[PDB]
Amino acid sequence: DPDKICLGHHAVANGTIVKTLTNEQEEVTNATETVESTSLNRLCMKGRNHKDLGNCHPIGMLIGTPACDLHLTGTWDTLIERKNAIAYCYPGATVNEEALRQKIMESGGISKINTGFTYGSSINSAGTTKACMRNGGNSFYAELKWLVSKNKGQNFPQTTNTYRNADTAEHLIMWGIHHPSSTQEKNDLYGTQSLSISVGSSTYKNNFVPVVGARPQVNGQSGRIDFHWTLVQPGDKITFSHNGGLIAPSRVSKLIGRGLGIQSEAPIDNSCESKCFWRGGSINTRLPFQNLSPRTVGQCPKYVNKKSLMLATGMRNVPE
């Protein structure tokens, strides 16, 4: 008999489950994901003045390893290190290796400055090795010189070299100490005298004694060249007192500004953009969370221990 006007709301055949404060299994009309599971196995480098070191290890660009010849200077906002990158052609280690690497990867370029260092007639500065090949023939680190006596067996002269920082910014100086494989080898290069290398600045001081002893061969060399480094403040000088066994710097390095340091194995794509990176590649999502890796760099979604978190975008689904 009486006319009816009814009120109601939509529904859908295929509803979605979401979690609420009170219910683990709540069916709603629509939902969207908040946690990214998908990765891109590429380094999205569009709008980035990037530098792919490839075979070159970051420490290598300061000492000038053959592998790092293309990467001795320049400016970048992003620097990419690869797996099993070569730092030392001739076998050796760097004191505070990790501290130095982290410092380079933080940087946004490298400038080189000539030390000016000159040597007497008795000193040969062009000492090379078969471990560091360049242009097919024997060579050495491009930013250092191997100092040896010209006359086999002759005692190395007590020389003193001093670098002054004329610049307004701090400069990174690296040097090496050669450790001979035998007593005979030591005597032919630096003479019969006991060796002492003293380094001195306003902020740094240290003595180095070349250790001489038989050891297993690495890259066909029983000898070791261990690297050391320090910062030289503006207007300050650093003095090297040595009687043989010092690997002296031809050039010092200056790190310029700030940049993003990426350790990854993924290929470069200059077509896509990204602000978030990890070992496995890039993360381009607008989503607020991700479950790919807790090790990420740049502006990144926060890592969560969740496969999925579904955010309701519609009312309860109540079907007929």
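The numbering used is simple: start at 1 and walk along the sequence shown.
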Averaging only over Cα atoms, indicate whether 200 to 208 or 152 to 160 has the higher B-factor in the PDB entry.
-> 152 to 160
Out of 97 to 105 and 182 to 190, which stretch has the higher average CA B-factor listed in the record?
-> 182 to 190
Among 73, 239, 115, 219, which carries the highest Cα B-factor?
-> 219
Residue with highest C-alpha B-factor in the PDB entry, from 228, 82, 171, 215 = 215
Sorting the chain's modelled residues by C-alpha B-factor and splitting them into thirds places residue 42 in the highest
Among the modelled residues of its chain, the C-alpha B-factor of residue 36 falls in the third labelled lowest
Compare the C-alpha B factor of residue 132 with those of the other modelled residues in its chain, then answer lowest, middle or highest third.
-> highest
Please rank the C-alpha B-factors of the chain's modelled residues and tell me whether residue 292 sits in the lowest, middle or highest third.
-> middle
Could you look up the Cα B-factor of residue 139 in the entry and say which third of the chain it sits in: lowest, middle or highest?
-> middle
